[PDB]
Amino acid sequence: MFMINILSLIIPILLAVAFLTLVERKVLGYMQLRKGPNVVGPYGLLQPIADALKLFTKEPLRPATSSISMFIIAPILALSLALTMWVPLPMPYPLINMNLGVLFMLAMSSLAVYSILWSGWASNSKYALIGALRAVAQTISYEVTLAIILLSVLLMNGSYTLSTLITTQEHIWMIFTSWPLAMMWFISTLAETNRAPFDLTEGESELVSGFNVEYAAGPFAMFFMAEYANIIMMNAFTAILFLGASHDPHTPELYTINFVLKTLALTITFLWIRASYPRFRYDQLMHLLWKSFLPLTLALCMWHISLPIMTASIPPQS
Amino acid sequence: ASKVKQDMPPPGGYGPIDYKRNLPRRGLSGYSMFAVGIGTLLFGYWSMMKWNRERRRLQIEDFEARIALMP
Ligand SMILES: CCCCCCCC/C=C\CCCCCCCC(=O)O[C@H](COC(=O)CCCCCCC/C=C/CCCCCCCC)COP(=O)(O)OCCN
């Protein structure tokens, strides 16, 4: 009965991911004075299915100079981690109830970068190597600021348990207490998921395709699935962290609907941002994260440590 | 036997064609936005202080329930 729950978690996420691509194509089209897919099925509803079937019936190729083991391993790691990172999310109940869900999510995020790194290295191509090194630089840019922002925000929660975030935001959204950090956190997510304006690991206009230039058909589709799943997952995490839906223990579907709508709003905001802005230079991203985000993050961490002691508002559950 | 007919501008001329830049200000003052942010932060702080004090009281109550049940 637990396997049924695992499947009911993972399959709808993939279905959601497939449809997310259709939505982005349409949203991008209408923001660009066009329509997007509206021919394959009504309103392009069959377009993701056609894309998946085309990708999984095409010939995959092994580069002659590539390292086969790592080349095959990297997409499996990417997709498996993208699927795994959904299990502690309370919606309003988690599939896996952890005492430390935030730290688990951080560790799995840190492990997810190695799919990009090993695909770029094992491709044995110059553009893939450039993309992998850009991924290294991106992680060095965002990691510490992201972690300290998480710590500062969770100082108001009292623990690292995700479900407690529902109780913390019972009467007011946490954003109203931490709207500055939230903005930075949002930007960090954009850097964490390699999304525009920080789409540097792929960098289509500069590196052709970056780390996944040598990948074709099914492994490439798996990389795409993992990236879009990570986008949806991080927006869901942001919605849980900063926009707390009211939970009724006898009517959890209300919480589920609220949470899903907030997550969809955040994802559409991601697509909007992609439609609106140019691309950073990957040294400018590091300078932004280390010379602007880090000092404010440290000062706000100091302030958020001092604040509950000052006002006698320390949360329970040591 | 007819007049010469050609593609010509209308008698008089054409209406003016705008070409200069138009990027209107359309913005609040800096003090206004800073004040709105600070006020939002203060409201959130007050709400969270009340809620966290209540949560501490509830935690104490259930801890005492455990204490009563322990022997
Ligand atoms: C009484 C005590 C109260 C405590 C104090 C509270 C007051 C705090 C006042 C300051 C708050 C500022 C918060 C913002 C933190 C970073 C802002 C910043 O300055 O960064 C910019 C840059 O920041 C950016 O431009 C971001 C670029 C990425 C853009 C991606 C899309 C933008 C997002 C649009 C919507 C944002 C929504 C965020 C919240 C979503 C909800 C979770 C610096 O870069 P440069 O201008 O180039 O100058 C550097 C050299 N001097």
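Even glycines carry a Cβ here, placed using N, Cα and C.
Feature annotations, courtesy of Swiss-Prot:
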type	residues	note
TRANSMEM	A:2-22	transmembrane segment
TRANSMEM	A:68-88	transmembrane segment
TRANSMEM	A:100-120	transmembrane segment
TRANSMEM	A:146-166	transmembrane segment
TRANSMEM	A:171-191	transmembrane segment
TRANSMEM	A:223-243	transmembrane segment
TRANSMEM	A:253-273	transmembrane segment
TRANSMEM	A:294-314	transmembrane segment
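Taking residue pairs at least 6 apart in sequence, the transmembrane segment (A:294-314) and the transmembrane segment (A:68-88) share fewer than three C-beta contacts under 8 angstroms. A Cβ distance under 8 Å defines the sequence-distant neighbours of the transmembrane segment (A:294-314), meaning residues of its chain 6+ beyond its ends; these are 144-145, 148-149, 151-153, 155-156, 158, 178, 180-181, 184. Segment contact is absent for the transmembrane segment (A:100-120) and the transmembrane segment (A:253-273), given fewer than three CB pairs below 8 angstroms at sequence separation of 6 or more. Listed as Cβ neighbours of the transmembrane segment (A:146-166) (distance under 8 Å, sequence separation of 6 or more from its ends, same chain) are residues 88-90, 92-94, 97-103, 106, 174, 177-178, 181-182, 184-185, 188, 192, 240-242, 244-245, 247, 255, 297-298, 300-301, 304-305, 308, 314-318.
Tertiary neighbourhood of the transmembrane segment (A:223-243): same-chain residues 13-14, 16-17, 20-21, 75, 78-79, 81-83, 85-86, 89-90, 105, 112, 115, 119, 153, 162, 165-166, 169, 173-175, 178, 182, 185-186, 189, 192-195, 212, 215, 259, 262-263, 265-267, 270, selected by CB-CB distance under 8 Å and a gap of 6+ residues from either end.
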